[PDB]
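Presented as structure tokens, the chain that follows is alone, the form deposited in one PDB entry.
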């Protein structure tokens, strides 16, 4: 009564109109899909530095939220309702759903979604947006949040460190990342962080990834 272990890890990041307190909406989603084999033995260039897996599927979609950005969100994301409208981007709609579902169906399953603080932000927000359209992901889809995962892995060998995405990248690579609060930029940063601890995080996923079906919506979406 067990599905096989996850075969593709789909790294996820959302830019949105704000934090959960204001019922945010997705303005940009980026997904990097990586086969498990690329994670079990991370590819490195001749200098010994991590490289992006060669066989990598990618999807980035911008979309216009129904309700306004907070000023802070517009600032850090470089996005606004006007700029998204001006570039002809509709809201989170059937086309997003169909594109996303096609993209996931291109991956060898089962799929493990990966997002930083995903349990508290990206997964419930994505769940809300999909729910509003009555859309579903594959039933054997599971979810890994690198925040409690890295915290738990570190605790596993401990006899107040920051686990923000930026602090983790700084700690592991001793340098600053690029394109912060661009969805694609922050997925890239997340993937590098994951690759740095890949065997540990794979083991964690295999044991503790949560079923997508257990993810609850951040908020109940209004009707139109």
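Positions refer to the first chain, counted from 1. We call the rigid core whatever largest set of C-alpha positions still superposes within 1.5 Å between the two forms.
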TODO: Decide, for the other PDB entries of this protein that were compared, whether residue 198 is missing from at least a third of their models.
DONE: no
Task: Third-or-more of other entries without residue 57 - done: no
Task: Gap size, residue 160 back to residue 159 (deposited sequence, no coordinates) - done: 4 to 9
Open item on the list: Highest mean C-alpha temperature factor of the two stretches 208-216 and 11-19, which is it?
Closed with: 208-216
Task: Stretch with the greater mean C-alpha B-factor as recorded in the entry, comparing 101-109 against 82-90 - done: 82-90
Task: Residue with highest C-alpha B-factor in the PDB entry, from 28, 46, 57, 186 - done: 46
Open item on the list: Split into thirds by Cα B-factor across the chain's modelled residues, where does residue 155 land: lowest, middle or highest?
Closed with: highest
- [ ] Please place residue 148 in the lowest, middle or highest third of its chain by C-alpha B factor as given in the entry.
- [x] middle
- [ ] Pull the Cα B-factor of residue 171 out of the PDB entry and bin it into the chain's lowest, middle or highest third.
- [x] highest
- [ ] Taking the values exactly as deposited, rank residue 72 by C-alpha B-factor within its chain and report the matching third: lowest, middle or highest.
- [x] highest
TODO: Please place residue 141 in the lowest, middle or highest third of its chain by C-alpha B factor as given in the entry.
DONE: lowest
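Below: the form deposited in another entry, not depicted.
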- [ ] Report the residue, chosen from 175, 56, 179, 166, for which the CA moves 2 Å or more between the shown form and the other one after the rigid core is overlaid.
- [x] 179
Open item on the list: With a threshold of 2 Å on the C-alpha, tell me if residue 213 counts as moved between the shown form and the other one once the core is superposed.
Closed with: no
- [ ] Return yes or no for residue 200: a CA shift of at least 2 Å between the shown form and the other one, with the rigid core superposed?
- [x] no
